[PDB]
Structure formats: C-alpha cells, structure tokens
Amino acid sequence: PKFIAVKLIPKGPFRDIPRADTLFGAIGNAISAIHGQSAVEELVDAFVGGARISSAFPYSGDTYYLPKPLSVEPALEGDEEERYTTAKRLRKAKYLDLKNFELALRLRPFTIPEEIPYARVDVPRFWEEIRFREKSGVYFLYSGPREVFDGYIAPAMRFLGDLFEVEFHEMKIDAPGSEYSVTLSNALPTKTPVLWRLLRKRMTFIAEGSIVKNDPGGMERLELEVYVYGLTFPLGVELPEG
C-alpha cells in the first residue's frame, strides 16, 4: 500500500523513540490545546473509523527503516558456522531498510543494516538522549482520508513542532496479499495474535513487528476522559509452515 510519512527533521536531540500510543497521545493533547474535545472525539472516530498511524522509526538521508517482522524468526533456516552467527544477528536485528523489509514480508533472503542512524547516549549528573546522524531523523506513517490529515494530524504535528520540524511525502510499501499482517504500531489485540513480543507500559501492548490475523487493534477509554491508541497498522506478511 501507499502512505503519507510524517518526517520529524530533528532541531536538537530526542529523549526516546515515540511508539504510536504516545505519538497519538501528543497529537491528542495538541488538538485539545488548539481546538479542544469536539475535534479529539472526531480524531478518535476517524481512527476507529479506519485511519491509522505507525510507531516512530529511524531514517537516514533517503533511507527509511522499518521494524523487522517477527515472522522471519522461526523461518531463518529456510555452511554450519555461517548459519549460526548470521542467524543470531538476524534474530537480534530490530530494524531493516525498506528494500529488505519488503523482502522479509515474502520470506525471501534479505540482509541487515550494518549502521543505525541513532545512538543511546546516557549523560550522567541520570537520563539518556538519542543523537541523530546528519539528514537523519525519525518518521511515522499515516494511512486514512486526506481531509483528516490536513484537518487534524498535520496541524497537530506542526503545532507540536514550533524540538523538531515537519516535512512529509508519499511512500509505497510492496506487501504481499495475505490473511496475516505485521503491525507497524504497538497494538492492544482483540484476538490472541500469531507471533509477538509483549511490551509493558499500565497496559500490555504487542510490540511493533508482531503478527496478527485480521486484528484491528482497539482503543481504550478510562478516567484519571483520555483515549489510549492500541490500533494495528497492518501490512501483508507471508508465514512459514509451523
């Protein structure tokens, strides 16, 4: 499918890589600040009604990275002392570039990014930041109607901008047709998923790169009225027999 990728060109160093649940959380707080609830209720209804945002991922120049789909982990074997080493470095790999990502979906042979454009420095006094290489920031994707991006997300991202700046482009991902899909957002599942890594936050999310069979995800409303983004960002993925 083809997507609008909100690139965050970073005017200074970040504190985290923001997954979709906190991106949505900031987009909501910004809309609340600019417009108020009337829009936030329609921002939610737009998402429930079909629209989606992915987690945040690293980019570098014209190289967009994506989460390695966990579907490749059990299919790796599909030399002795060459199979051991690489197959562990594929199991360790968190991100792939778009070329290898599109190959990973079709369980074809694919390689790993040797260099990653971010670095977790933990400065002592302590916390940590994330230092971006040159023309290297973070992006996230948005699928859904244009009227709602021009309307709600783009103004909220601009407004959030005023630690970074915002440009965006079209972006195609060739994903095979399949009953199974990879979320590019951390999700709150409704069925029990296929393959996954749990993610603790207090909510148990399914991690970016987990595998689902027609799980839309879902949003959860609670009183502390704040909505928590747990929707899937599904892309067609092929599975091995297992």
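The numbering used is simple: start at 1 and walk along the sequence shown.
The modelled chain breaks between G78 and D79, where 4 to 9 residues of the deposited sequence lack coordinates.
Per the record, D162 and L163 are separated by 10 or more deposited residues that are missing from the model.
Stretches compared: 90 to 98, 126 to 134. Higher mean C-alpha B-factor in the entry: 126 to 134. Comparing 5 to 13 with 19 to 27, the higher mean C-alpha B-factor in the PDB entry belongs to 5 to 13.
Taking the PDB entry at face value, the top CA B factor among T190, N186, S178, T63 belongs to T63. Residue-level inspection of the entry shows that, of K213, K68, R52, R200, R200 has the top Cα B-factor. Remark: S143 belongs to the lowest third of its chain, ranked by C-alpha B-factor as recorded. For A104, the recorded CA temperature factor ranks within the lowest third of the chain's modelled residues. Split the chain's modelled residues into thirds by C-alpha temperature factor. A39 is in the highest one. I116: CA B factor lies in the highest third for its chain, per the PDB record. Annotation for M219: CA B-factor lies in the middle third of the chain's modelled residues.
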